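Below, in structure tokens: the form solved without this ligand, a single chain.
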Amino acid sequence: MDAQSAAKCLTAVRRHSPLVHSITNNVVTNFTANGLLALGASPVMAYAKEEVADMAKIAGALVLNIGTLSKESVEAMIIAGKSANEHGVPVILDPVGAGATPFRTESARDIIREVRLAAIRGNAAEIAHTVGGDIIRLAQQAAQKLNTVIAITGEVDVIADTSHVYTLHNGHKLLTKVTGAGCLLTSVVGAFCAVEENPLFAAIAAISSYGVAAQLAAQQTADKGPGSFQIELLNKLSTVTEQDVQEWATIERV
């Protein structure tokens, strides 16, 4: 997997405009939808139990985010995940806060038991509670245990499936000043999984394309601030090119 192939995946996403069903928290629904629209995907945000099953089945990917949990939204997420599983739609999980509060950890473990996942994206603590050289081993152990793809996020991202491991070096710290920046990335990974057969490559391509857009947006923002960055990021998800990804994406097979 390289920058050249990641660029090709970004073009496939724009070409097909995949329907990406996201069940996420209310602090980031609007931004998640706008980021996906800018990227070139088709967002669908239904979250109620009376319809999530019908939505998930026709989507290109289902993304579950436990940011602002509730007993009911977790149940809807599982109903959606089971429907997605029945119809061969890939499911991506973002176990936000797993290990921080008991309810989050329980909900994350619940989903892992009831839904087969194509990929899980979270920080080291979140992945451990739900499931460097130490980060690489954690990613490999979890990927092998759940027979899935694990993307442990940080300034350096470690992605692993049952047999391979990669480190990615893209992005900008300004992403930490925009709420939903991480949540949107997991949905972008979903958009890529909807067009790329292998979830490991989809994830690498997704994280790389997003990090490049974020870097280019930060360059333009200069010292304007986090408000301008938020708008520039949406602009760059739309204007970032294959050439930009080939030139700035840093993908390393370990």
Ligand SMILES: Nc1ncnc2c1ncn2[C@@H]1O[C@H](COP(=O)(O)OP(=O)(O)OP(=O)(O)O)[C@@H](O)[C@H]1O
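All residue numbers are counted from 1 along the displayed sequence.
This next part talks about the form deposited with this ligand bound, which is not shown.
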Check your understanding: Can you pick the stretch from 56-64, 207-215, 220-228, 194-202 whose heavy atoms fall within 4.5 Å of this ligand in the deposited complex?
Key -> 207-215
Practice item. Could you work out which of 107, 153, 83, 73 is the residue within 4.5 angstroms of this ligand in the deposited complex, going by heavy atoms? Key: 153
Check your understanding: Tell me, which of 117, 175, 131, 111 has a heavy atom within 4.5 angstroms of this ligand in the deposited complex?
Key -> 175
Point to revise | is_contact(residue 182, this ligand) in the deposited complex, heavy atom dist at most 4.5 Å | key: yes
Practice item. Decide whether residue 167 counts as a contact residue for this ligand in the deposited complex under a heavy atom distance cut-off of 4.5 Å. Key: no
Exercise for review: May I ask you to check whether residue 90 falls inside a 4.5 Å heavy atom distance of this ligand in the deposited complex?
Suggested key: no
**Study point:** Proximity of residue 161 to this ligand in the deposited complex, heavy atoms at 4.5 Å
**Key:** no
